[PDB]
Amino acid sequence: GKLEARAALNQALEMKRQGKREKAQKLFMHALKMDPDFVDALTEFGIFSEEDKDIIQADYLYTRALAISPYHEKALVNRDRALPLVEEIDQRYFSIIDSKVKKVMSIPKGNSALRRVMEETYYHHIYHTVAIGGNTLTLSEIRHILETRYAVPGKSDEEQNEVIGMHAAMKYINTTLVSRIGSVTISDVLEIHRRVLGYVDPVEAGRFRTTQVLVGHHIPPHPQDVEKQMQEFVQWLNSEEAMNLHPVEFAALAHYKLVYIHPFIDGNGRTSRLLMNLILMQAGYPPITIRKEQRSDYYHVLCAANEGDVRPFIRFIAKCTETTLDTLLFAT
């Protein structure tokens, strides 16, 4: 009941005054469980979170209270104070990424440690990018198909056609588009999807969808507007506004925007993740890995971006970038 929520909020504030923050945390949580729309509890919980310097959580609670009460004064004031702090937190984390990416590229490429890790990381990227969608092929089975050109008995042809399609897509990007000085065109995007879905679906591979499909509760553009939306997308690519963006933020936005457009029947996620790393590789960054285990988190930040806030998605891509940089620096 909602009457019980006010009591839990009063005790939460009472326990905060006495320094019993762990108990106040539970009482704040219980208040919001009794009334998820408790404007006072949402606002006071944000103040509580901001005291622990968790400004990202505080801004979420403030915004959640303002969606219910758009003119609530205490939430409006505290959200304004928290907004520069959130930007500083995101800029600080980007600076930590730049400290690690300049350290991994400082060593010469001829090092046997880097080249050995980069070689086995390639099959890791093929493994994680298909297994995050449901592919059951193991890493050793994936390496077996690509290196020996022998099929694996007991494994479906579709899962093997995905791996081989991804291998042809990465080899095309790594040897034609990464070091290319020119801009990115629509024909490049169609050529990557032709490689990705070429062996799974030779009919739809390399062409946009002509029908309006749905992506959950997310509505992609109409089919007659896809090509216009794609032309405006690649126009946002190679743009001075995008170059001024941080490489991680630029590669993350291009990832989501391509998923947002959803130009193909299938292979939209695989194509967007390839475009993400092509951008990172062009900026000197190593290709990052969105691990198979992060499937649910990958869906959550995508769903959060489809519902107004793409910053949790950018932070997710950033955390994936730091994770692969830490494993690269682990070789030394």
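Residues carry their position along the shown sequence, with the first being 1.
Once you work out the mean C-alpha B-factor for both 210-218 and 160-168 from the entry, which is higher? Between 210-218 and 160-168, it is 210-218 that shows the higher mean C-alpha B-factor.
Given the B-factors recorded for C-alpha atoms, which segment has the greater mean, 236-244 or 116-124? The entry gives the higher C-alpha B-factor average to 236-244.
Which is it among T138, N78, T148, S106: the one with the largest CA B-factor in the entry? Of the options given, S106 has the highest CA B-factor in the PDB entry.
Sorting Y285, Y299, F28, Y60 by Cα temperature factor from the record, which one lands on top? Going by the entry's C-alpha B-factors, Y285 comes out highest.
Among the chain's modelled residues, which third holds the C-alpha B-factor of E73? As the PDB entry reports it, the C-alpha B-factor of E73 lands in the lowest third of its chain.
Going by the entry, which third of its chain does the Cα temperature factor of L328 land in? Its C-alpha B-factor belongs to the highest third of this chain's values.
CA B-factor ranking of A65, expressed as a third of its chain: CA B-factor rank for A65: lowest third.
Record-listed C-alpha B factor of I47: chain third: Its C-alpha B-factor belongs to the lowest third of this chain's values.
Please say which third, lowest, middle or highest, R194 falls into when its CA temperature factor is compared across its chain. Its C-alpha B-factor, which the entry lists for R194, ranks in the middle third among residues of this chain.
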